[PDB]
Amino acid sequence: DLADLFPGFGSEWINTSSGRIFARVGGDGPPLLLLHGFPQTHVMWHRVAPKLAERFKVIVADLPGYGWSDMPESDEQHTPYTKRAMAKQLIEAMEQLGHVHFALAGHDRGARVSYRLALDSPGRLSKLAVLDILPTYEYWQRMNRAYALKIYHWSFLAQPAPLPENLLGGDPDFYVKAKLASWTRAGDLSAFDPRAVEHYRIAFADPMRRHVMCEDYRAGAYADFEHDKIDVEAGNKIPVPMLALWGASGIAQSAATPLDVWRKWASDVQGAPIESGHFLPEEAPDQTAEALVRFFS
């Protein structure tokens, strides 16, 4: 049914106190954890991970609740799907592999986990790359008509259950494909490997998975924002060297010039636009992989 898009990568079920993290593991060298985002799974890295795996031990993990990772029971505060909790869970996952100090690149929701990880537990990270995000606080702070329309899903998926769940159930295949297409530069699915789209489609076809994603966005509207707010107000800066990459046609470039933004959040950040929409590792895999190898090595 589902293609193995990481030939030569192992498949690891990593136990944590909140459930298993699924990961493809390949390469040797310094550990590098890659976190996908919405509405994707770890397979979104399938075009860049082998290039990284030439120099790193590449752990391509499904976020908690996403893909084949277990889905911790949520609660009224969406706690396990807050980026703080996912970061803690991924730290615990990496510790199971003996990686207490690792490189981390995240895209989309995974990048939100990543920078929250960097804020909460900066000692865990050698270097951080975030792909096509600004901090969640910044999206919400920038919230206006234009951004509301553009990232409407931030407020739609954060509606109380079961409203988005029921609506997403109305046409899940359409919805996941629409998100994938609409955030690319092409506007269609041609930038993706069909076998990868199949992964995303099958994950999205599971109502429980969709519920988790809504939990993630609910956390994104509530606790994640509050956690970020604390850092902005404390002036807490990420001290880990970081790379901010963004799609010239991506989500982050609209709200505010991402490097300028991330510079408010990180003491040591470099940035570059990648000629792509949101899905940098799939729309622009060579460019993305090059940037990441250059930065991480």
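Throughout, we count residues from 1 along the sequence that is shown. The term rigid core refers to the most C-alpha atoms you can superpose between the two forms while keeping them within 1.5 Å.
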(message) So, in 8 other deposited structures of this protein, taking the root mean square over structures and residues of the Cα distances after a rigid core fit: is 165-173 or 108-116 the more displaced stretch?
(response) 165-173
(request) Using the B-factors recorded in the PDB entry, average over the C-alpha atoms of 215-223 and of 200-208, then report which stretch comes out higher. (result) 200-208
(request) Could you check which stretch, 183-191 or 81-89, carries the larger mean CA temperature factor in the entry? (result) 183-191
(message) Highest Cα temperature factor in the entry, among the options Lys57, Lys264, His36, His46: which one is it?
(response) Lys264
(message) In terms of recorded Cα temperature factor, pick the maximum from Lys127, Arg142, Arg145, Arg112.
(response) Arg142
(request) Would you please rank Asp28 by its C-alpha temperature factor against the other modelled residues of its chain and give the third it falls in: lowest, middle or highest? (result) highest
(message) Sorting by Cα B-factor within the chain, modelled residues only, which third would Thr41 end up in: lowest, middle or highest?
(response) lowest
(message) Using only modelled residues of the chain, where does the Cα B factor of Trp13 rank: lowest third, middle third or highest third?
(response) highest
(message) Could you place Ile151 in the lowest, middle or highest third of its chain by Cα temperature factor, using the values in the record?
(response) lowest
(request) For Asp231, return the chain-relative third of its C-alpha B-factor as stated in the PDB record: lowest, middle or highest. (result) middle
